[PDB]
Amino acid sequence: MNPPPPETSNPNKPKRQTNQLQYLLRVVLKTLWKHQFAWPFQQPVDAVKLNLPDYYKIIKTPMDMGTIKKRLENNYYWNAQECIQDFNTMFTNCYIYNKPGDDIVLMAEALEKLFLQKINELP
Ligand SMILES: Cc1cc(C)cc(Nc2cccc(-c3c(C)nnn3C3CCN(C(=N)N)CC3)n2)c1
């Protein structure tokens with residue numbers, strides 16, 4: 001079964017809007033979203049759909065770009081580093097669950113390099 005997806009709202013959490021967070025949504029997230037390798041990462045891993053009973057047995061801090069996008073739209077984050085950490089968790093989860101050379105790992109490796117390129121242009 002699927003655990004609940006990561007929260008995208010938390011009324012007691014303190015929140016911020018910064019120019020860097022705006023850029024993370026407008027440029028980083030929305031450009032990576034359009035990449036030809038982005039599709040596996042656009043929503044939480046659905047272990048029922050994918051017949052993956054051990055995905056959430058192995059991955060304890062799941063993360064995906066749909067969650068990140070919703071978090072940015074809801075101003076969920078305090079700073080850009082907190083959002084950047086979610087991207088890094090998404091990529092590392094993919095390496096943890098899969099194997100070197102797998103198609104999904106090649107996709108994450110390409111997306112991670114593009115992500116780092118865009119982070120260098122943070123205002
Ligand atoms: C057979 C296949 C290959 C590929 C490249 C993608 C898919 N579809 C999707 C859709 C949404 C998320 C994922 C995903 C993420 C994120 N992280 N891992 N995955 C899977 C886990 C199981 N898996 C395996 N080889 N046991 C493949 C990679 N994959 C299915």
# chains A, B, ... in the order shown; residues from 1 in each chain; ligands from 1

$ residues_around --residues "region 108-121 of chain A" --least-positions-apart "2" --cutoff "9 Å" --atoms "only C-alpha atoms" --output "ChimeraX atom specification"
/A:24,27-29,32,35,37-38,41,84,87-88,90-92,94-95,103-106,123

$ select_by_dssp --residues "region 37-119 of chain A" --states "alpha helix (DSSP H)" --output "ChimeraX atom specification"
/A:55-58,65-73,80-97,103-119

$ closest_atom_pairs --of "chain A" --to "ligand 1" --cutoff "8 Å" --atoms "only C-alpha atoms and all ligand atoms" --output "Markdown table"
| residue | atom | partner | partner_atom_place_in_ligand_line | distance |
| --- | --- | --- | --- | --- |
| A:39 | CA | ligand 1 | 11 (C) | 7.1 |
| A:40 | CA | ligand 1 | 11 (C) | 3.7 |
| A:41 | CA | ligand 1 | 16 (C) | 5.0 |
| A:42 | CA | ligand 1 | 11 (C) | 7.9 |
| A:43 | CA | ligand 1 | 11 (C) | 7.3 |
| A:44 | CA | ligand 1 | 12 (C) | 7.5 |
| A:45 | CA | ligand 1 | 12 (C) | 5.1 |
| A:46 | CA | ligand 1 | 11 (C) | 7.0 |
| A:50 | CA | ligand 1 | 22 (C) | 6.8 |
| A:52 | CA | ligand 1 | 22 (C) | 6.6 |
| A:55 | CA | ligand 1 | 21 (C) | 7.5 |
| A:64 | CA | ligand 1 | 16 (C) | 7.4 |
| A:90 | CA | ligand 1 | 16 (C) | 7.8 |
| A:93 | CA | ligand 1 | 17 (N) | 7.3 |
| A:94 | CA | ligand 1 | 17 (N) | 4.7 |
| A:97 | CA | ligand 1 | 18 (N) | 6.5 |
| A:98 | CA | ligand 1 | 18 (N) | 6.3 |
| A:102 | CA | ligand 1 | 25 (N) | 7.1 |
| A:103 | CA | ligand 1 | 5 (C) | 4.7 |
| A:104 | CA | ligand 1 | 5 (C) | 4.0 |
| A:105 | CA | ligand 1 | 5 (C) | 7.7 |
| A:107 | CA | ligand 1 | 5 (C) | 7.6 |

$ closest_residue --among "A:2, A:31, A:14, A:82" --to "residue 54 (chain A)" --atoms "only C-alpha atoms"
A:2

$ closest_residue --among "A:33, A:26, A:96, A:7" --to "residue 56 (chain A)" --atoms "only C-alpha atoms"
A:96

$ closest_residue --among "A:99, A:85, A:22, A:75" --to "residue 9 (chain A)" --atoms "only C-alpha atoms"
A:75

$ residues_around --residues "residue 1 (chain A)" --least-positions-apart "4" --cutoff "8 Å" --atoms "only C-alpha atoms" --output "MDAnalysis selection string"
chainID A and resid 47:48 53

$ closest_residue --among "A:10, A:18, A:3, A:36" --to "residue 78 (chain A)" --atoms "only C-alpha atoms"
A:18

$ closest_residue --among "A:81, A:67, A:89, A:51" --to "residue 21 (chain A)" --atoms "only C-alpha atoms"
A:81

$ closest_residue --among "A:57, A:11, A:30, A:49" --to "residue 69 (chain A)" --atoms "only C-alpha atoms"
A:30
